[PDB]
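Structure, as structure tokens:
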There are 2 protein chains.
Amino acid sequence: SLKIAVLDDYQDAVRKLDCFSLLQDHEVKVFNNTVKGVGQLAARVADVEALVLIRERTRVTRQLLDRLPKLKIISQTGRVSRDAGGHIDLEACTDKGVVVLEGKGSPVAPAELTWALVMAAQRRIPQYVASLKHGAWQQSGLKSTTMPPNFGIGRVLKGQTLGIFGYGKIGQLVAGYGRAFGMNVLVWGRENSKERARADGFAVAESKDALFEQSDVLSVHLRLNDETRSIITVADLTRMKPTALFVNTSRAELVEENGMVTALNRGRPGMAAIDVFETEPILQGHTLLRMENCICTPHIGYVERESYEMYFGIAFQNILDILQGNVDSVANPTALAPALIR
Amino acid sequence: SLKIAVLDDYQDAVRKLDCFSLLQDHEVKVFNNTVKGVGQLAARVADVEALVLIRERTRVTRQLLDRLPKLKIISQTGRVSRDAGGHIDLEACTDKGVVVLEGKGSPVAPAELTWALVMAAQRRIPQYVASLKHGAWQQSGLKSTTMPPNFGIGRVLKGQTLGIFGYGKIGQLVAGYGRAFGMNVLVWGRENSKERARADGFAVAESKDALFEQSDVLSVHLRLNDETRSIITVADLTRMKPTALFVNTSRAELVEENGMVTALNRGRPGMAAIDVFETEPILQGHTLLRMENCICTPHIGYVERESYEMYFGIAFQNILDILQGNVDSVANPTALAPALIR
Ligand SMILES: [Cl-]
């Protein structure tokens, strides 16, 4: 019987999941807000032996682990990144003999979310809905002199060009949606992405430059690492059409710092839809939130009922499996060794 | 050279269209708001000989035409309905010698808008967007105590049931989007609609009861006529699951008056997304508009760039064509016979 904490559950959804009953033999506290800074966070989880993390919402540093003597298990919803950086210091965990348990993820919820944003942006749904609530009939704004003529009006997807930057599992689903809407789908990425795209019957853009020039909607599906940090520059974005939509439900740092705000202010692309920010949560506003030609959602790509059932079901079962000596989900198995060999 | 007026163009889009230059030899006035008063409407359009209407935005009554001696042409964007309802009194037009020109429609823009609402509603996009703008991180604000658990978080489409009521051109497209997202499509309608659906590979409902009970998302795709008017009752809607979404982008009058409000207030369906209203424009104090579980858009289904280019292109060409004697677009051909014979 462990003291378990689940962090960063803003809408208090975790405790209402069918899978929550998996932890019936344990004492579970779910927190509904985020605390940053080592001191306050260590005091909040001082007695917990098992910590459940929601994706990358909280980072686990050596300095945090120094302040947590009772911690035995970190159970990660979704994948644990082995690369430099990563939101969990695995070596520091291994040093304390804290096991990190790895879950599994799914591309479906964030792919559908990507498309929901494509459709919402191209039809100016948030803008029209908000205007209507304030009494303005059929008004979406977007009528500035710097903007294209009739930019406030909806745009059809059929027969337009969809650029897909990155062809992993999410990119592949979203490319499929494009095809089913009758869009002209072009893919770009590393060599193996191009190969899998060609095998799937998708056209590959001539170059990265060609992707940004030609796309009416450009959507980014890349994992963040040293190769892809700042891979999208202001030069790339300002190559985009004045009527073009830039979509990013991946990671904010894929675009060079302030690059997006900068490009929107220069009028190319014409619109953006984003789900991810450099700093989260955003409680005190953001430049992009005050722009009528940006639609921003609060990192809801994976916030979905079936996704939570699967994600937490696995993270909770992982804790149960470890307590029975099944250590298959351990990311850092050398933390199981005695302190003498550690 | 005729005096032409275009009515009800709220965002002043018509004059910025490429097809607007078809009327370069004429005097065009475009109005940007709606007057319904027969006296105020007559005074606006007192000197014009050609009237271009935007779908059903303005009603043309006998008592309107009586107050308009100079009017010769009514050019309709989209189709002209010969139904007992009908927003134009075609008989009055004939009696006054006014020719009514019928245009052509397209299912693409309203089908894509339907899907945009399905996705916006299922991921609670406007709710999350508006909350974020107000400083609430990852709150959809669906704060009812009688809603299903976790109803404030998003829901994937994959694996869910898509109910389609009516299988014309728009329903066929929406069914195709359902299939593309991995939904189980369920089609209901008249025999020939059900037959076309089975041939297209879709499951069909055995009864209207089955359609309302089994759908997770239910979308209505019927034309309004003597049989489909008030075809959806409160009793239909309260057969829907408390987790279900009802979508209506077709016509408000398919649903019995106050039926949707009543049903939503009784928790069944759990949510609605509605593009069409009994009286348009609506007022800010409209009942549905106040509801957190109703996403309301201001009849934007056909308000789209390519759609406007197509619809107005045809309507403007129709005017040009009848001025040169080509009268194929005339819906009331007997209006062309001499006043003494009328
Ligand atoms: Cl319309």
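By order of appearance in the structure tokens: chains A, B, ..., then residues from 1 within every chain, and ligands from 1 in the order shown.
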>> If chain B is superposed onto chain A by least squares using every Cα atom in order, what is the RMSD, in Å to one decimal?
In response: 0.6 Å
>> Applying 9 Å and only C-alpha atoms, which residues near range 175-179 of chain B remain after dropping the ones on its own chain fewer than 2 positions away? List them as a list in words.
In response: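 Listed by chain and then number, they are residues 177, 180 and 181 of chain A; 112, 115, 157, 158, 161, 162, 163, 164, 167, 170, 171, 172, 173, 181, 182, 183, 184, 185, 186, 187 and 202 of chain B.
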>> With 8 Å as the limit and counting only C-alpha atoms, what residues in chain B lie close to chain A? Please list them as a VMD selection string.
In response: chain B and resid 10 to 11 13 16 108 to 109 112 to 113 115 to 117 119 to 120 123 125 to 126 128 to 130 132 to 133 135 to 139 149 to 150 152 to 158 176 to 177 180 to 181 281 to 284 289 to 290 295 to 300 303 to 306
> How would you write, as a PyMOL selection string, the set of residues in range 16-152 of chain B that DSSP gives as helix (DSSP H, G or I)?
Replying inline: chain B and resi 16+18-23+38-44+62-65+90-95+108-122+125-133
Mind listing the strand (DSSP E) residues of range 10-206 of chain B, per DSSP on the backbone, as a PDB file with N, CA, C and O atoms, in the first residue's frame?
ATOM      1  N   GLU B  27     -24.666  49.404 -62.329  1.00  0.00           N
ATOM      2  CA  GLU B  27     -24.549  50.074 -61.043  1.00  0.00           C
ATOM      3  C   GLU B  27     -24.907  49.112 -59.922  1.00  0.00           C
ATOM      4  O   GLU B  27     -26.054  48.677 -59.808  1.00  0.00           O
ATOM      5  N   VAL B  28     -23.925  48.767 -59.097  1.00  0.00           N
ATOM      6  CA  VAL B  28     -24.175  47.775 -58.052  1.00  0.00           C
ATOM      7  C   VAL B  28     -24.086  48.412 -56.674  1.00  0.00           C
ATOM      8  O   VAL B  28     -23.110  49.094 -56.345  1.00  0.00           O
ATOM      9  N   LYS B  29     -25.129  48.200 -55.881  1.00  0.00           N
ATOM     10  CA  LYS B  29     -25.077  48.524 -54.470  1.00  0.00           C
ATOM     11  C   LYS B  29     -25.189  47.233 -53.649  1.00  0.00           C
ATOM     12  O   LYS B  29     -26.076  46.409 -53.870  1.00  0.00           O
ATOM     13  N   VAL B  30     -24.264  47.050 -52.719  1.00  0.00           N
ATOM     14  CA  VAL B  30     -24.320  45.894 -51.838  1.00  0.00           C
ATOM     15  C   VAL B  30     -24.618  46.393 -50.433  1.00  0.00           C
ATOM     16  O   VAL B  30     -23.908  47.264 -49.923  1.00  0.00           O
ATOM     17  N   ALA B  50     -32.785  44.994 -60.745  1.00  0.00           N
ATOM     18  CA  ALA B  50     -32.284  43.634 -60.537  1.00  0.00           C
ATOM     19  C   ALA B  50     -31.884  43.419 -59.088  1.00  0.00           C
ATOM     20  O   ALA B  50     -31.113  44.183 -58.519  1.00  0.00           O
ATOM     21  N   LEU B  51     -32.444  42.373 -58.499  1.00  0.00           N
ATOM     22  CA  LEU B  51     -32.215  42.050 -57.112  1.00  0.00           C
ATOM     23  C   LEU B  51     -31.464  40.726 -57.040  1.00  0.00           C
ATOM     24  O   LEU B  51     -31.911  39.714 -57.608  1.00  0.00           O
ATOM     25  N   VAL B  52     -30.312  40.743 -56.374  1.00  0.00           N
ATOM     26  CA  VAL B  52     -29.554  39.510 -56.126  1.00  0.00           C
ATOM     27  C   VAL B  52     -29.673  39.124 -54.657  1.00  0.00           C
ATOM     28  O   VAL B  52     -29.261  39.868 -53.766  1.00  0.00           O
ATOM     29  N   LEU B  53     -30.252  37.955 -54.425  1.00  0.00           N
ATOM     30  CA  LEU B  53     -30.473  37.436 -53.083  1.00  0.00           C
ATOM     31  C   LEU B  53     -29.447  36.374 -52.667  1.00  0.00           C
ATOM     32  O   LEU B  53     -28.949  35.602 -53.503  1.00  0.00           O
ATOM     33  N   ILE B  73     -35.994  41.897 -62.212  1.00  0.00           N
ATOM     34  CA  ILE B  73     -35.241  40.651 -62.081  1.00  0.00           C
ATOM     35  C   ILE B  73     -34.980  40.305 -60.616  1.00  0.00           C
ATOM     36  O   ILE B  73     -34.600  41.167 -59.826  1.00  0.00           O
ATOM     37  N   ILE B  74     -35.210  39.046 -60.253  1.00  0.00           N
ATOM     38  CA  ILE B  74     -34.714  38.514 -58.980  1.00  0.00           C
ATOM     39  C   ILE B  74     -33.747  37.373 -59.306  1.00  0.00           C
ATOM     40  O   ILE B  74     -34.147  36.359 -59.893  1.00  0.00           O
ATOM     41  N   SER B  75     -32.472  37.565 -58.958  1.00  0.00           N
ATOM     42  CA  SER B  75     -31.448  36.577 -59.262  1.00  0.00           C
ATOM     43  C   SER B  75     -31.055  35.851 -57.984  1.00  0.00           C
ATOM     44  O   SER B  75     -30.456  36.434 -57.083  1.00  0.00           O
ATOM     45  N   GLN B  76     -31.439  34.583 -57.911  1.00  0.00           N
ATOM     46  CA  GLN B  76     -31.169  33.760 -56.747  1.00  0.00           C
ATOM     47  C   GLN B  76     -29.835  33.028 -56.860  1.00  0.00           C
ATOM     48  O   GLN B  76     -29.575  32.352 -57.856  1.00  0.00           O
ATOM     49  N   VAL B  99     -39.052  38.343 -63.395  1.00  0.00           N
ATOM     50  CA  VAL B  99     -38.422  37.040 -63.622  1.00  0.00           C
ATOM     51  C   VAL B  99     -37.516  36.636 -62.458  1.00  0.00           C
ATOM     52  O   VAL B  99     -36.746  37.452 -61.928  1.00  0.00           O
ATOM     53  N   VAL B 100     -37.632  35.371 -62.065  1.00  0.00           N
ATOM     54  CA  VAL B 100     -36.793  34.813 -61.007  1.00  0.00           C
ATOM     55  C   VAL B 100     -35.772  33.881 -61.644  1.00  0.00           C
ATOM     56  O   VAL B 100     -36.137  32.911 -62.328  1.00  0.00           O
ATOM     57  N   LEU B 101     -34.494  34.195 -61.439  1.00  0.00           N
ATOM     58  CA  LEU B 101     -33.417  33.391 -61.992  1.00  0.00           C
ATOM     59  C   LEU B 101     -32.872  32.427 -60.926  1.00  0.00           C
ATOM     60  O   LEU B 101     -32.494  32.834 -59.830  1.00  0.00           O
ATOM     61  N   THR B 161     -20.104   5.851 -33.192  1.00  0.00           N
ATOM     62  CA  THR B 161     -21.175   5.809 -34.187  1.00  0.00           C
ATOM     63  C   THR B 161     -21.578   7.172 -34.712  1.00  0.00           C
ATOM     64  O   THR B 161     -21.888   8.104 -33.940  1.00  0.00           O
ATOM     65  N   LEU B 162     -21.505   7.294 -36.032  1.00  0.00           N
ATOM     66  CA  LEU B 162     -21.968   8.478 -36.751  1.00  0.00           C
ATOM     67  C   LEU B 162     -23.322   8.212 -37.368  1.00  0.00           C
ATOM     68  O   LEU B 162     -23.457   7.395 -38.304  1.00  0.00           O
ATOM     69  N   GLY B 163     -24.328   8.875 -36.813  1.00  0.00           N
ATOM     70  CA  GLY B 163     -25.670   8.832 -37.370  1.00  0.00           C
ATOM     71  C   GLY B 163     -25.874   9.904 -38.410  1.00  0.00           C
ATOM     72  O   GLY B 163     -25.590  11.083 -38.177  1.00  0.00           O
ATOM     73  N   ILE B 164     -26.329   9.488 -39.586  1.00  0.00           N
ATOM     74  CA  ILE B 164     -26.620  10.417 -40.678  1.00  0.00           C
ATOM     75  C   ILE B 164     -28.112  10.346 -41.016  1.00  0.00           C
ATOM     76  O   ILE B 164     -28.627   9.309 -41.505  1.00  0.00           O
ATOM     77  N   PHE B 165     -28.812  11.446 -40.741  1.00  0.00           N
ATOM     78  CA  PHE B 165     -30.245  11.561 -41.095  1.00  0.00           C
ATOM     79  C   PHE B 165     -30.391  12.285 -42.439  1.00  0.00           C
ATOM     80  O   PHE B 165     -30.315  13.515 -42.512  1.00  0.00           O
ATOM     81  N   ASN B 184     -18.115   4.352 -37.112  1.00  0.00           N
ATOM     82  CA  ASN B 184     -19.149   3.452 -37.608  1.00  0.00           C
ATOM     83  C   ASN B 184     -20.361   4.280 -38.050  1.00  0.00           C
ATOM     84  O   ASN B 184     -21.129   4.805 -37.242  1.00  0.00           O
ATOM     85  N   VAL B 185     -20.477   4.451 -39.359  1.00  0.00           N
ATOM     86  CA  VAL B 185     -21.515   5.268 -39.939  1.00  0.00           C
ATOM     87  C   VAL B 185     -22.858   4.527 -39.945  1.00  0.00           C
ATOM     88  O   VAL B 185     -22.932   3.360 -40.346  1.00  0.00           O
ATOM     89  N   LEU B 186     -23.901   5.196 -39.467  1.00  0.00           N
ATOM     90  CA  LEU B 186     -25.265   4.653 -39.488  1.00  0.00           C
ATOM     91  C   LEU B 186     -26.226   5.614 -40.213  1.00  0.00           C
ATOM     92  O   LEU B 186     -26.431   6.758 -39.792  1.00  0.00           O
ATOM     93  N   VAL B 187     -26.793   5.170 -41.327  1.00  0.00           N
ATOM     94  CA  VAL B 187     -27.609   6.073 -42.147  1.00  0.00           C
ATOM     95  C   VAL B 187     -29.095   5.815 -41.990  1.00  0.00           C
ATOM     96  O   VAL B 187     -29.552   4.667 -42.053  1.00  0.00           O
ATOM     97  N   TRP B 188     -29.849   6.886 -41.771  1.00  0.00           N
ATOM     98  CA  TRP B 188     -31.313   6.802 -41.794  1.00  0.00           C
ATOM     99  C   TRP B 188     -31.982   7.761 -42.804  1.00  0.00           C
ATOM    100  O   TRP B 188     -31.504   8.876 -43.073  1.00  0.00           O
ATOM    101  N   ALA B 203     -23.817   0.879 -43.090  1.00  0.00           N
ATOM    102  CA  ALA B 203     -24.901   0.376 -42.284  1.00  0.00           C
ATOM    103  C   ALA B 203     -26.048   1.386 -42.279  1.00  0.00           C
ATOM    104  O   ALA B 203     -25.841   2.606 -42.316  1.00  0.00           O
ATOM    105  N   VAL B 204     -27.265   0.864 -42.231  1.00  0.00           N
ATOM    106  CA  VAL B 204     -28.468   1.690 -42.137  1.00  0.00           C
ATOM    107  C   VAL B 204     -29.306   1.325 -40.914  1.00  0.00           C
ATOM    108  O   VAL B 204     -29.326   0.167 -40.471  1.00  0.00           O
TER     109      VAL B 204
END
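Each of B:19, B:337, B:142, B:7 was checked against ligand 1 using only C-alpha atoms and all ligand atoms; the smallest atom-to-atom distance is that of B:7.
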